[PDB]
Amino acid sequence: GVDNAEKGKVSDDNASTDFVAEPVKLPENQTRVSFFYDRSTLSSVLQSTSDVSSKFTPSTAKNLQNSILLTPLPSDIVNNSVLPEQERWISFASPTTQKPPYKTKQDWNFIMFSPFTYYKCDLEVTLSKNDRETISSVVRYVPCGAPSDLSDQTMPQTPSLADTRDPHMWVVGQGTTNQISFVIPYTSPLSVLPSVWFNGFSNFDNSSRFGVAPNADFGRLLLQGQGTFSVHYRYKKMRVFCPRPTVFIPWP
Amino acid sequence: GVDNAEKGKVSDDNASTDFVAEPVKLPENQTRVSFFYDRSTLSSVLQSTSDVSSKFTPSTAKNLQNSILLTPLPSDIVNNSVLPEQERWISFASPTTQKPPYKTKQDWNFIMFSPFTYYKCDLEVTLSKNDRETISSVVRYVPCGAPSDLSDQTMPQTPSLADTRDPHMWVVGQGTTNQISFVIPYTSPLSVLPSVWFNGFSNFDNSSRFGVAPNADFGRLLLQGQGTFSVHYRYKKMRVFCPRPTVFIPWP
Amino acid sequence: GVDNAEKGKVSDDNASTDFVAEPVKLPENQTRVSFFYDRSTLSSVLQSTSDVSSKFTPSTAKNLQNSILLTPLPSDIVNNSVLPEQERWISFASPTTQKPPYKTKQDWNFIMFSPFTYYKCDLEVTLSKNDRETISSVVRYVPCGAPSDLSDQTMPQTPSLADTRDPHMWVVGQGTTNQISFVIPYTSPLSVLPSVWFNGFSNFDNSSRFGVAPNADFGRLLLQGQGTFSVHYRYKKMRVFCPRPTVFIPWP
Amino acid sequence: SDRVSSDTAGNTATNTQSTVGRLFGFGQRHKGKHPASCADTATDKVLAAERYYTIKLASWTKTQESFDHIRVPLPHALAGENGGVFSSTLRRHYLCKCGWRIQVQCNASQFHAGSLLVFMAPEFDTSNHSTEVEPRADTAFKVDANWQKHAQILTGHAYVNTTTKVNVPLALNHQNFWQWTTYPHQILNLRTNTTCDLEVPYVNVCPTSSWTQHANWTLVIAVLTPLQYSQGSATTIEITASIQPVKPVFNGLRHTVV
Amino acid sequence: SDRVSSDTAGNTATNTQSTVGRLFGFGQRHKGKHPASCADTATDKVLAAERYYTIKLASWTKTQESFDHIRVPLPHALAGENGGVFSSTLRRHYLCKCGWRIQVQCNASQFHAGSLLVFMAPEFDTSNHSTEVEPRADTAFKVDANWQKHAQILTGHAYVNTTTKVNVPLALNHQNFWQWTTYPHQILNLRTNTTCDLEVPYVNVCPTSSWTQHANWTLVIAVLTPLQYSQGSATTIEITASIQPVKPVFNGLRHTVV
Amino acid sequence: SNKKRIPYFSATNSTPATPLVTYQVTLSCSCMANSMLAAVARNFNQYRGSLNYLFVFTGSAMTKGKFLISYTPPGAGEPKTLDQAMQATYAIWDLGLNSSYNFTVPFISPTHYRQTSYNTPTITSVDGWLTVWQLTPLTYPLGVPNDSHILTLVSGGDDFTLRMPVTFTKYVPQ
């Protein structure tokens with residue numbers, strides 16, 4: 001029937017309003033935000049060429065660092081930063097092809113579908129070795145905004161990443177299954193994280209990169225030991241706020 | 001807020017209607033019609049050159065008669081009338097100056113501010129001698145429309161004005177204070193008096209001066225004895241009817 | 001006994017505090033502000049050389065105007081003002097003598113003794129003729145800040161000052177006693193009047209004479225008729241606020 | 001009729017005779033509660049700051065196309081001198097928390113055609129897009145002086161030179177305007193209404209805002225249907241807005257910003 | 001001992017260890033009631049404005065004589081930028097009504113001698129007396145930059161040239177300082193206290209003040225006994241003051257003054 | 001436009017950077033010199049209370065538009081821009097079904113009463129200005145005259161009072 005869209009909202013009708021029909025609703029709850037995001041999606045990749053018992057040193061190789069910034073949003077080395085920082089845009093890895101892979105790390109599924117302005121959740125991380133060679137790796141988890149501590153070994157032949165009280169994981173041997181998984185709590189000093197854009201600066205002299213919020217992440221993952229590892233994120237107890245537009249899709 | 005003046009009347013608002021404010025009303029009653037008009041205002045001037053013990057004879061001298069028509073509206077000799085009649089307009093005394101005094105008598109304060117069509121009241125009259133020479137005068141009050149009785153003396157050396165049953169006053173001597181005051185009741189045969197204009201004639205052949213009502217006054221004052229006397233009117237138990245425009249004032 | 005004046009106040013003692021003595025207090029109330037100021041004191045002088053039946057015109061003659069500004073504080077023609085305004089200082093009448101009379105009008109007793117910053121009261125005014133010649137005068141009282149109305153006569157041979165609804169007095173004859181007295185209410189738009197100084201301006205462009213408050217008076221008195229008249233003020237229901245220093249007196 | 005509406009705020013009052021009601025974003029209002037992240041007792045209930053600040057926004061011509069828009073960064077749009085006491089108080093405080101009550105105005109006639117989308121959006125990019133230069137403190141939070149085109153924001157706008165732009169397919173400041181209607185809004189249809197009334201609560205990444213670094217809310221006016229009219233009809237069609245900060249609370253009193 | 005006193009006001013706090021108590025002028029305090037002469041609901045209870053504003057006043061040297069003084073016009077002394085939110089709010093309002101809570105500070109030593117009279121006076125002349133020029137908006141309400149001598153005010157100071165001054169025996173801005181002690185005050189005796197605490201209510205010729213034209217209150221610091229000290233003792237003796245507007249209420253919101 | 005006195009002002013399809021009309025709030029304003037309010041006030045010394053400024057739109061039914069009626073208290077002078085005017089007391093008047101707008105100038109004064117007239121303006125006789133601005137241009141279709149006339153009236157509000165009967169400065173009628 002008639003209505004007035006200028007009001008800001010119109011009724012949600014079913015066939016019975018205008019015609020001789022009945023509602024046809026069937027129970028369903030797979031559309032709940034918590035359920036939808038509570039599943040692992042590829043969100044990053046990591047690579048290391050140094051052994052376990054050595055000093056961890058930030059490195060890049062064909063767009064792959066040996067450390068990661070835990071955030072579904074695009075992250076990568078920004079303007080020669082020591083470690084990956086959150087990006088404001090995505091770029092192709094190749095300077096020619098004009099086709100993916102991208103050089104930036106992110107949860108494609110989150111970026112392509114995040115119809116909200118802010119979000120809150122815990123993060124379940126999964127780290128998998130890309131080949132079947134027996135794993136031998138040490139990973140260090142650093143809470144959001146905490147010191148990276150990229151120091152020297154304090155003792156000979158020991159993994160420097162394990163030389164911390166920070167949560168760290170150590171997997172090695174033919175009894176293992178070449179993967180690691182764990183869940184970390186929301187650690188940002190912010191109440192909720194911006195899911196897409198942050199209309200502001202992060203410092204008092206407004207010199208930072210406009211668009212990036214301060215400490216908008218779940219911490220970082222530093223890795224040492226041989227191999228390339230893919231990373232998955234699973235959003236636990238996911239909560240979203242303020243509906244907003246989805247990424248535009250080219251017209252068919 | 002919005003309204004519609006075409007209705008013939010709009011609401012009397014205070015600051016609280018449109019804004020975060022409070023009424024600020026304080027009791028006051030000096031705006032009451034009765035109170036406002038209950039005070040003496042200069043309204044006429046009289047002049048006589050004949051003594052007390054003589055026959056009163058209507059005279060004019062530089063626009064001053066020796067008798068008065070009791071009305072706040074303009075009055076003066078009209079078209080050689082024996083005594084002053086109510087005028088329909090005010091004229092300058094001087095034929096040149098284009099500045100007051102006016103040749104017509106009236107209560108300037110009443111003419112300049114009479115926002116009503118009709119009025120009802122009693123009249124308190126005050127008559128004052130313009131100089132300190134000992135007073136010796138006789139005044140005769142003639143009710144509205146009553147016979148003037150401008151007759152001869154019936155007895156030698158007596159003030160003809162006192163030769164009446166009409167209310168009259170006689171003041172004389174160094175014990176007096178050169179003034180007279182008294183109050184007279186409304187005596188017109190009309191229920192209420194027109195304060196400004198009277199849209200009609202006063203006689204059945206409609207030959208009178210259009211604009212002047214019949215017997216619209218409080219009577220007359222005839223005076224004999226030497227001197228010039230100023231007159232004041234005080235409107236007792238003043239009542240007004242039908243709001244109407246005030247005299248226009250030149251734009252500053 | 002001992003005390004500490006730095007506190008801002010010390011005790012009011014009697015002989016019994018330090019010595020073998022008794023209080024010696026006797027009832028007395030002639031020190032009450034209301035009682036003290038409730039008496040007539042010379043506060044101004046007025047002079048006129050024009051008759052009653054004439055147009056009032058502001059004039060000055062040897063420092064005496066024919067109109068007065070009702071205020072105990074110094075008042076006089078200021079920078080060629082049409083009528084007297086409140087002054088900020090007192091000047092000798094003579095340019096040589098360096099001795100009084102002063103050219104400014106005021107209640108000397110009030111100026112010399114006004115140990116308060118603000119005051120509130122009604123004003124009883126007394127006007128007396130300086131010689132025994134029979135009086136014949138008209139006085140017009142104009143409320144604080146009201147129009148002076150220094151207009152022409154609207155009718156020939158009448159006192160223009162009486163041509164008003166403003167309170168006015170008319171005294172004349174050998175029966176009178178050459179004086180006038182009456183009481184007027186506080187009419188200033190200010191809650192209380194500044195008794196000495198007003199640390200500010202009276203207009204929004206701060207161009208007025210700093211030190212004089214806006215409308216800090218009890219109105220004005222315009223007079224016509226022959227003679228010189230002295231004026232007295234009597235402060236009815238006098239109330240004072242905020243104690244302050246008295247006028248300094250030369251050291252003996 | 002029931003479309004006549006008056007709204008008072010301090011010593012100000014808006015009036016309309018074609019309202020379609022007031023839309024409350026998220027069905028919430030800023031209640032004015034003090035931020036639990038500040039120990040100092042906040043300054044609030046400042047009547048001189050809880051009012052409507054009215055400003056001219058833009059001129060609507062036939063040249064504007066669907067989705068061309070004007071942005072109004074908040075609270076910055078009112079952080080200037082014309083922000084009255086709201087501004088003077090804001091400039092002297094480190095933090096500010098508040099909601100917004102807004103009415104945008106625009107009249108034409110029964111013979112004009114066209115419509116606008118009036119909406120409020122949190123974390124809506126207000127930076128300049130007519131350059132590849134990094135946004136700065138004095139260029140990032142300004143009320144648009146000219147209508148913004150729409151094409152250059154669908155996939156975002158990277159602050160990189162034109163040649164690099166080729167290898168940058170998407171920027172986080174992207175705005176799929178085809179869904180701008182998902183933001184709390186109203187429509188100003190020339191044939192229906194001359195005003196839109198909105199109100200949004202306080203939302204942000206934290207309890208209260210260090211406003212000097214962040215414009216969390218953005219009022220946006222975009223055309224949905226181009227302006228049309230025939231020869232003879234009034235050609236000057238302008239858009240205005242009355243913006244009221246809802247129960248603003250301030251914390252961290254300090255010397256003013258310049 | 002019982003002379004240690006702390007006083008909080010907003011985000012400020014004064015502290016003294018030699019107080020002789022707080023003197024309340026007229027035994028009254030400004031309660032913050034709205035002026036009955038204004039219909040608009042006043043802006044009040046602004047915490048950011050109800051605090052202590054501290055400023056340096058003058059240097060006390062051996063050259064000052066009894067009754068030499070420094071004047072602090074109110075509210076003007078704080079109408080400048082350093083008046084914080086009290087100032088920024090005041091400048092944007094036609095009227096202001098308030099009282100004052102003040103503490104003047106000045107320390108020396110057990111070996112110094114001298115005393116000051118600290119008082120508040122209503123309608124106390126704050127105009128410049130070092131000229132015969134008419135006081136103006138920008139010269140009438142300024143905090144004294146130099147100590148004022150005393151002789152030229154006993155009988156007042158007429159704004160007339162030196163030769164006319166001869167025929168002018170008394171001016172209404174006269175101040176018989178021998179009785180300055182009749183004004184709400186306290187004494188700062190170097191041997192006793194280093195601070196004075198006063199508070200006065202709102203007094204004026206009317207309900208609320210059009211402050212732009214009137215400085216109704218004046219804080220005055222006059223020396224009673226000249227400063228003395230021997231060779232070796234600290235020579236720099238300065239006077240300071242913490243001024244707090246007590247529950248100020250504002251009416252008539254408008255654009256700012258310049 | 002020829003300095004003649006009329007009971008209305010004009011407005012059209014534009015938004016001037018200056019007020020369409022400016023009335024100083026004084027019962028002495030030459031602007032209200034011939035209103036009943038001023039006529040009565042001339043015979044009294046002081047007033048207190050609200051003032052009602054009534055505006056009646058006389059343009060066509062097809063004409064639309066919005067005005068911003070502002071009352072600026074004194075102290076910082078007359079408002080020079082819309083930015084300044086809207087910083088004081090104001091109401092936005094939107095045209096439509098109802099023809100008039102009843103605007104109230106709140107009684108904001110340092111004193112309880114204010115003078116009706118004066119020789120020179122003082123803080124007790126002059127109380128600021130009332131200015132009406134064009135918020136949005138008057139808008140309309142073809143076949144409609146460009147100029148619309150808005151009738152302007154004044155009167156005392158609900159809590160308005162006068163006191164102290166006096167005689168005003170006399171003048172010669174003409």
Side-chain angles (χ1 to χ4, degrees), chain A residues 4-9 73-74 86-100 102-104 111-112 115 117-118 188-216 241-250, chain D residues 20-23 25-26 37 73 115 119 121-127 134-137 140-141 154-156 158-160 164 166-189 192-193 196 198 203-207 210 212-216 218:
Chain A
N4 297 80
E6 32 275 280
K7 275 152 47 197
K9 63 183 292 187
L73 280 56
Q86 179 202 149
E87 260 294 1
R88 289 175 293 176
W89 49 74
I90 296 176
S91 304
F92 300 108
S94 174
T96 313
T97 64
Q98 252 84 66
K99 291 293 188 61
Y102 301 105
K103 54 180 297 181
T104 181
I111 285 65
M112 293 312 301
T117 308
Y118 309 102
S188 173
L190 302 177
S191 289
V192 295
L193 301 171
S195 51
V196 187
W197 187 252
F198 175 72
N199 203 57
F201 301 97
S202 64
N203 51 195
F204 294 112
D205 69 329
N206 295 321
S207 64
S208 66
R209 291 177 295 133
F210 181 89
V212 179
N215 298 129
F241 313 79
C242 313
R244 63 144 293 161
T246 271
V247 173
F248 167 91
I249 188 171
Chain D
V20 289
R22 173 168 295 97
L23 184 132
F26 317 138
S37 59
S115 60
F119 69 90
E123 309 306 347
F124 188 89
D125 187 14
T126 56
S127 64
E134 280 295 331
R136 281 295 128 239
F141 313 125
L154 268 183
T155 52
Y159 310 116
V160 69
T164 304
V166 180
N167 296 308
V168 180
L170 185 69
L172 293 183
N173 54 183
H174 67 77
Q175 277 297 325
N176 183 355
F177 46 77
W178 294 94
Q179 306 174 181
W180 271 352
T181 199
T182 76
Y183 281 126
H185 70 282
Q186 271 201 171
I187 292 178
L188 199 155
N189 200 180
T192 307
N193 52 154
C196 281
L198 271 50
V203 297
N204 195 181
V205 295
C206 49
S210 181
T212 42
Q213 283 67 223
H214 183 40
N216 54 147
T218 303

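Reckoned from all heavy atoms, side chains included, excluding hydrogens, waters and symmetry mates. Sequence lines set the chain letters: A, B, ... in the order given, protein chains first and strands last, and positions in each chain run from 1.
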Legend entry - Proximal component of D/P73, with respect to chain A [non-hydrogen, under 4.5 Å]: neither
Legend entry - Heavy-atom proximity to chain A below 4.5 Å, by part of D/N193: side chain
Legend entry - For D/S210, side-chain hydrogen bond (donor to acceptor under 3.5 Å, both in side chains) partners two or more places apart: D/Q213
Inset, instruction - Against chain D, work out which of A/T97, A/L190, A/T104 has the most heavy-atom pairs shorter than 4.5 Å and name it. - result: A/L190
Inset, instruction - Pick whichever of D/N189, D/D125, D/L198 has the most heavy-atom pairs under 4.5 Å with chain A. - result: D/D125
Inset, instruction - Carefully, step by step, assess A/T117 and D/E123 under the rule side chain to side chain donor-acceptor pair (under 3.5 Å). - result: CA-CA 7 Å; A/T117 308; D/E123 309 306 347; over 6 Å; no
Inset, instruction - Compare all side-chain heavy atoms of A/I90 with those of D/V168 and state whether any distance is below 4.5 angstrom. - result: no
Inset, instruction - Measure across A/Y102 and D/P169 and return the closest heavy-atom pair with its distance rounded to 0.1 Å. - result: CE2-CG, 3.9 Å
Legend entry - chain D contact via A/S94 - side chain, backbone, both or neither, heavy atoms under 4.5 Å: backbone
Inset, instruction - Give, as side chain, backbone, both or neither, the part of D/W180 having an atom under 4.5 angstrom from any heavy atom of chain A. - result: both
Inset, instruction - Provide the closest heavy-atom pair for A/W89 versus D/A171 in the form atom of the first, atom of the second, distance. - result: CB-CA, 3.7 Å
Legend entry - Close side-chain approach of D/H214 to A/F198, heavy-atom, < 4.5 Å: yes
Legend entry - Partner set under ring pair (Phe, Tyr, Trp, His ring centres under 6.0 Å) for D/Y159, not counting sequence neighbours: D/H157
Legend entry - Pick from D/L188, D/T155, D/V166 with the largest number of heavy-atom pairs that fall under 4.5 Å of chain A: D/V166
